[PDB]
Amino acid sequence: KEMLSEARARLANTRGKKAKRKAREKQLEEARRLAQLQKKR
RNA sequence: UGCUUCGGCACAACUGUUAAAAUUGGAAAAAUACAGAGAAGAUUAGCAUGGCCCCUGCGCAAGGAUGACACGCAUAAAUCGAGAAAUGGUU
Ligand SMILES: [Mg+2]
Ligand SMILES: [Mg+2]
Ligand SMILES: [Mg+2]
Ligand SMILES: [Mg+2]
């Protein structure tokens, strides 16, 4: 079963990791922008 | 200073980016914290390509993580007509 699950994952995956950083990083930046706008308010 | 009919002539001819400043602004770096690496399973050699990306180098070398980046994540609708049927107006 661990072999079959390793197989299933490795047969599905074509991505890389930093795309995950991507959206999260943009959200972080957006949050920072919102905080700055609030400070300006 | 010559020459002087001693009256005067002659010669010589325009420095300074002008600051001992004043601002004035833009800069690399440092720490901090962030976060922290190609290829397809993993681990790994690279050589490229493109340019409003550079750095080191005397460089038409070589290197910088294959220097980096890009590299697609294609929520890139790459999109629509054929026909029967059937229903709607009008006679
Ligand atoms: Mg190369
Ligand atoms: Mg090189
Ligand atoms: Mg190496
Ligand atoms: Mg390169």
Side-chain angles (χ1 to χ4, degrees):
Chain A
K1 277 332 207 223
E2 283 337 275
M3 160 171 83
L4 267 175
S5 215
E6 180 211 20
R8 215 171 276 119
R10 230 187 92 174
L11 269 160
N13 217 268
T14 119
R15 191 73 240 214
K17 296 78 62 203
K18 307 254 275 171
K20 307 332 116 184
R21 311 188 143 72
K22 186 178 305 177
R24 271 62 71 168
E25 194 65 7
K26 86 181 63 179
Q27 191 61 348
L28 304 59
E29 186 67 349
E30 300 298 0
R32 176 286 304 189
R33 166 108 302 180
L34 178 51
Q36 93 162 201
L37 96 68
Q38 187 58 350
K39 291 182 174 59
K40 288 181 172 55
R41 185 75 58 84

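Basis for what follows: all heavy atoms, side chains included, without hydrogens, waters or symmetry-related copies. Within every chain, numbering begins at 1; the chains are lettered A, B, ... in the order of the sequence lines, protein sequences first and strands thereafter.
- Side-chain contact between A/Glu2 and A/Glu6 is absent, with no heavy-atom pair separated by less than 4.5 Å.
- The side-chain contact (heavy atoms from CB on, under 4.5 Å) search around A/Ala7 returns none, not counting sequence neighbours.
- Not counting sequence neighbours, the partners of A/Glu29 by the salt bridge (charged side-chain N to carboxylate O under 4.0 Å, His left out) test are A/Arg32.
- A search for side chain to side chain donor-acceptor pair (under 3.5 Å) contacts involving A/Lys1 returns nothing, not counting sequence neighbours.
- A/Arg8 meets the side chain to side chain donor-acceptor pair (under 3.5 Å) test with no other residue; sequence neighbours excluded.
- Between the CD atom of A/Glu30 and the CD atom of A/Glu25 there is a distance of 11.0 Å, given to the nearest 0.5 Å.
- Annotation: side-chain hydrogen bond (donor to acceptor under 3.5 Å, both in side chains) contacts involving residues 11-20 of chain A, sequence neighbours excluded, are absent.
- Other residues sharing the hydrophobic cluster of A/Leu34, ordered by chain and number and joined by side-chain separations under 4.5 Å: A/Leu37.
- No hydrogens or angles considered: nothing links the side chains of A/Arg41 and A/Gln38 as a donor-acceptor pair under 3.5 Å.
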